[PDB]
Amino acid sequence: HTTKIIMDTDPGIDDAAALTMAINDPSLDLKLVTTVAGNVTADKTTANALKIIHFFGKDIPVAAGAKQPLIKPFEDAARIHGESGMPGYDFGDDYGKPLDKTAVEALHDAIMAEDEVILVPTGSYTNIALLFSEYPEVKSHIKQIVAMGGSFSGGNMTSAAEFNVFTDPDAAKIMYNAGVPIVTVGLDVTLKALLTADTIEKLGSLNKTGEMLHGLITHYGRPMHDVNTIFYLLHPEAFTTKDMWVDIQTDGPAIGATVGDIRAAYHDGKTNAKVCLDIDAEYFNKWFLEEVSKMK
Amino acid sequence: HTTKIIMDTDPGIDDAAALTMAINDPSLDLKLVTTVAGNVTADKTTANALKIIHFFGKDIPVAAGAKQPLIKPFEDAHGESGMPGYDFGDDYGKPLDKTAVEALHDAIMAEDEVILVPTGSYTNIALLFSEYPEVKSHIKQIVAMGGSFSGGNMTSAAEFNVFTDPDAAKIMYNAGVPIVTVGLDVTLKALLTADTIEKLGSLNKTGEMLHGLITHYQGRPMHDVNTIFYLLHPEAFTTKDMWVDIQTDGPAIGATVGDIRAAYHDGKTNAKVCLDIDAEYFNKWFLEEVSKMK
Amino acid sequence: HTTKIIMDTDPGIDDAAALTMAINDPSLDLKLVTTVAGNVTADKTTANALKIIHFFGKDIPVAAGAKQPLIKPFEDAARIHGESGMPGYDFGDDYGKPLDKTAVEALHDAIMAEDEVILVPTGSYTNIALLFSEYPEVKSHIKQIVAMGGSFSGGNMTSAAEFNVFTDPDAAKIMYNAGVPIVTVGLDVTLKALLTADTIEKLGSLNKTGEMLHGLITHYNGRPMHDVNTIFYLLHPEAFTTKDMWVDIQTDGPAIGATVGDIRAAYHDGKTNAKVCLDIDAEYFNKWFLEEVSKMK
Amino acid sequence: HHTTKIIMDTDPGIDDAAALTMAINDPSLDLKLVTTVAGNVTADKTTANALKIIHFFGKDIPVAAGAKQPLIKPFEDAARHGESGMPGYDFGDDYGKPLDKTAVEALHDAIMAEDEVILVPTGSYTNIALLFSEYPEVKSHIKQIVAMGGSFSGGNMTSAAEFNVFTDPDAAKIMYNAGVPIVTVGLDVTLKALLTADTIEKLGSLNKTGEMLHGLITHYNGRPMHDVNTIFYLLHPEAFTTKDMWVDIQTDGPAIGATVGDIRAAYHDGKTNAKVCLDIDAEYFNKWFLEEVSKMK
Ligand SMILES: [Ca+2]
Ligand SMILES: [Ca+2]
Ligand SMILES: [Ca+2]
Ligand SMILES: [Ca+2]
Ligand SMILES: [Ca+2]
Ligand SMILES: [Ca+2]
């Protein structure tokens, strides 16, 4: 048996590393990749997902999704224009075409086709919120959501908020209230998931995949974000977790905050997320190299 | 010329009267009816739209839409149709095998120009504009039942359709498509008189049907039908272009906040707000239109 | 045999008419007038209150209060600059001085001196919020608050909000949550309290007070009267239709300054914090206004 | 040879007791006044606790009791026994009485008496918000506010919010928008300010002050020290890493009580209102704490 997964992404170098591990691990069956707009437009994140899938010679379908957040106007200060949004390696132009259907339509069809799937959002959550609103019947087919985003110890857009949640707080609130079990892979662990200078050097000489990932990773040691959704699916024993109630702040100066009820004081003992609080960084490094060494 | 219109509804007696006028006026071509959940489930509002369309012998397609608001949990306040006072029978046909969003996307992209007429909460319109922003250049305007600039009905601050899905209303009001706001400011003045309702019941089969719905619960304020009355008789309304914001949290959740002084938005407007109505002409019009029907 | 009252004001022509009726009614004992900043700064509203009290020759102390709202920055487009903020009559320049103490300190001393008082806020509620936070012991001495402000049917700063609440929504929230009984005299009644052209003509020829009030009333220019309806409520509650309900104050977002009435009683388990004024006998308001001013200087 | 004039607003509290100990006894500091606010115990009990500490050192530095409740946010009753709120030592019953005036009134008089003072709030900020609203004239007399509270890396009431800000977010917003320079002594540094087992053992054997502080510090089973870091900042700012930034207070929603730092300087046109403490020399904090207490009774 393989675990059926669907990835919703805004590649993005971090998403490229997540997709690399998901595509190549033989215990995972990646059914579908959807994209959302982020630091580049949905047209560019779509092209980037196609570039990674084509690099591995796979025919995994890509569906382009939401061009904008539900409500929060996208910060143009965060919008890179006339660039790829996934720099540091030449993929060529031979990478194929997305589906004609939207990410929401593709998610609905791919989820309803499976008894059980794990959904893995590594961008802002706009497509997931739209999916759950238009097709709430998908939820019984989803075992778990393993989401990159949030922080319980300090943000990156402000002190209070992490990028994926901050980009579409309203979509994050819909996802966090949907009643599907969530694993929160936030900055609490991703800032600890330090790919060492020694690991990054070894990566660049390993094979064509290692050369590609080295190019993306070194373009700007490196904390790895989105790839920890896949590392959690394969090695949950590498993480320390805590079940808690998570609320999304959707306005005011703390817009985009993932607020954890760390005391369990306010929600009558109810939880909606398994929050990732720590990671084995040594095993993450060993794992990352072991996995890439088996690829092209 | 005929105006192409698409109606998004939660029938509902008020939506029944709106659909009746839209179906039967020869200057309007109703391409599609979509439904949303409200006082009753999306399954029941879908059945109610199909009952009205079938009553006039039309095969106007119905697509069932959103079962719940985007964010705000629906206030539960069993057994009921949600459109009582007339027996439509069995045999009213079936919805499309796609969502309201998918049906709206296909029907709007097939036309150069359409008018969109939401008479429920705005969930399907917000989902449509988020998933398919390419529809917006095909929409001349939105003529929306909802809001109030002079006192609400769910609270003092908020009208039902906006209150039910404030987040969807915000998405619709920020989408850049021209809006006409048909709020409580005019619908509470659109009083169908006791004399009108009596004449309606004896007029014909449509009059009998509308009489049955209208009198199920002296005179009745009519809501959603004023979107169609606006399309056909804009001269019967007093309007003011203004900036409208949607309050989406706090005690004033669901408020349509009009910048009545134009103090806060650098003179920009996103809505033509209906502030008054010729109630006498509304009554005369309502009877004249129904007299031409079955 | 007199009702002890304290007025917190931002005069303002409407507050001048309220103070006029309160000073001159023999069933009322106006112990103190406090001021808050509004369309003009607190120094100007203080001067305006002193002008009205000095016009009637009374001993009534004035204490200057808050210069700014608690939290919401005062909208500069609503600030009237290099002006009195009470135009249409020259009182001269011999109107006396405020107390040395703040409005809050003067309110605390005047309320604690009475077993029972009625508080009558006709500006924004900044002083009352500060008072209840610093000296919650005053609340057992207050029989009720009769407040000018709010709307349950359309605002004047936006469609959602009335000026006095809009000006300091956080102060209004503190006041509305304080557990002192409130009567809300909002735009629902004040926009119906239309002083007719016939009344305003008769007012100007009545006596010195009528001449002074005519000067203030007709400076911009029939006229809706606001703040004076707090005093008309105290003297003639039979002139009003009221409804006890739960009122929340919106303190942020586009509906900032909204008084939200739970008109269905759906959300508060049947609890009430305000008696909301919904209708007024405008004919009696006119008759009363003329009858009262005819008994003055 | 010259002293810094300071005023402390406190809710003692073991952490405030340690802050007051250092402030009372440092020869470069002149503590003019202590005010109190309600927190984990009532304002009556925090007042008693400040008087106990002052009396322990043979001083009669005045204490003025302040606000009994937050401005707006109902006090979380799960966060309020027949308990002192400062256990682990018998201070006896000879500790004297607070001033008759409120904290606000005492703060206004003490600040206006000085050309320059530093204000040091170690509780929730209710008294400071009321002070700045009623007496904005104090602000030109205040060089700086050195505040215990906030976090830019994880809270203690929720993931988003620290206790002092969470307790009265509205008061914290008024303080952060008042235009007086702020030094933020948040959980970023106070959770690193670990008084070691070795330090706490040496403290207990040092003298009567060390015995008293040992009693309070070891009552609940090193120890992170909070409020005392305001005084450690005043004396040894070189022991801290700071960054000027714009700080907003979240006053509603699930992130209520958050101190939101514009860490990118993306949203406020490069304007700052706070010098945020991000790191501390914990080794020097320990050395300093022992050196200071060794010079006391
Ligand atoms: Ca990403
Ligand atoms: Ca769709
Ligand atoms: Ca409807
Ligand atoms: Ca005071
Ligand atoms: Ca006034
Ligand atoms: Ca403290």
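Chain A is the first sequence line, chain B the second, and so forth, proteins listed ahead of strands; every chain is numbered from 1.
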Task: ring pair (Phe, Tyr, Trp, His ring centres under 6.0 Å) between D/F91 and D/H55, intermediate numbers included - done: CA-CA 8 Å; D/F91 291 95; D/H55 185 72; 9.8 Å; no

- [ ] Go through D/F56 and D/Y89 one step at a time and tell me if the ring pair (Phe, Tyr, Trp, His ring centres under 6.0 Å) criterion holds.
- [x] CA-CA 11 Å; D/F56 178 90; D/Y89 193 82; 5.8 Å; yes

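Between C/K139 atom NZ and C/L131 atom CG the span is 9.5 Å, to the nearest 0.5 Å. Atom NZ in C/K72 sits 9.5 Å away from atom CG in C/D168 (nearest 0.5 Å).
Under a 3.5 Å cut-off, the side chain of D/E83 and the backbone N or O of D/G85 do not form any donor-acceptor pair. Under the 3.5 Å distance criterion, the side-chain polar atoms of C/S124 are left unmatched by any main-chain donor or acceptor of C/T126.
Residues C/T9 and C/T35 bring no donor and acceptor atom of their side chains to less than 3.5 Å of each other. Counting only N and O atoms by type, the side chains of D/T184 and D/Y176 include a donor and acceptor under 3.5 Å apart. Judged purely by distance below 3.5 Å, without hydrogens or angles, the side chains of C/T41 and C/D43 pair a donor atom with an acceptor atom. In summary, the side chains of D/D16 and D/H226 do not present any donor paired with an acceptor at a separation below 3.5 Å, with no hydrogens or angles considered. A donor-acceptor contact under 3.5 angstrom links the side chains of D/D252 and D/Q250, judged on distance only. Side-chain atoms of D/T196 and D/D198 form no donor-acceptor pair, as typed in the model, at a separation below 3.5 Å.
Applying the side-chain contact (heavy atoms from CB on, under 4.5 Å) rule to D/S133 yields the partners C/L70, C/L130, D/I174; only residues at least two apart in sequence or on another chain are considered.
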Side-chain donor-acceptor pairs of residues 102-112 of chain C under 3.5 Å, sequence neighbours excluded:
{"residue": "C/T102", "atom": "OG1", "partner": "C/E105", "partner atom": "N", "Å": "3.2"}
{"residue": "C/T102", "atom": "OG1", "partner": "D/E134", "partner atom": "OE2", "Å": "2.7"}
{"residue": "C/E105", "atom": "OE1", "partner": "C/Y135", "partner atom": "OH", "Å": "2.9"}
{"residue": "C/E105", "atom": "OE2", "partner": "C/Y135", "partner atom": "OH", "Å": "2.8"}
{"residue": "C/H108", "atom": "NE2", "partner": "C/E137", "partner atom": "OE2", "Å": "2.9"}
{"residue": "C/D109", "atom": "OD2", "partner": "C/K101", "partner atom": "NZ", "Å": "2.6"}

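Aromatic ring centroids of D/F232 and D/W288 lie under 6.0 Å apart.
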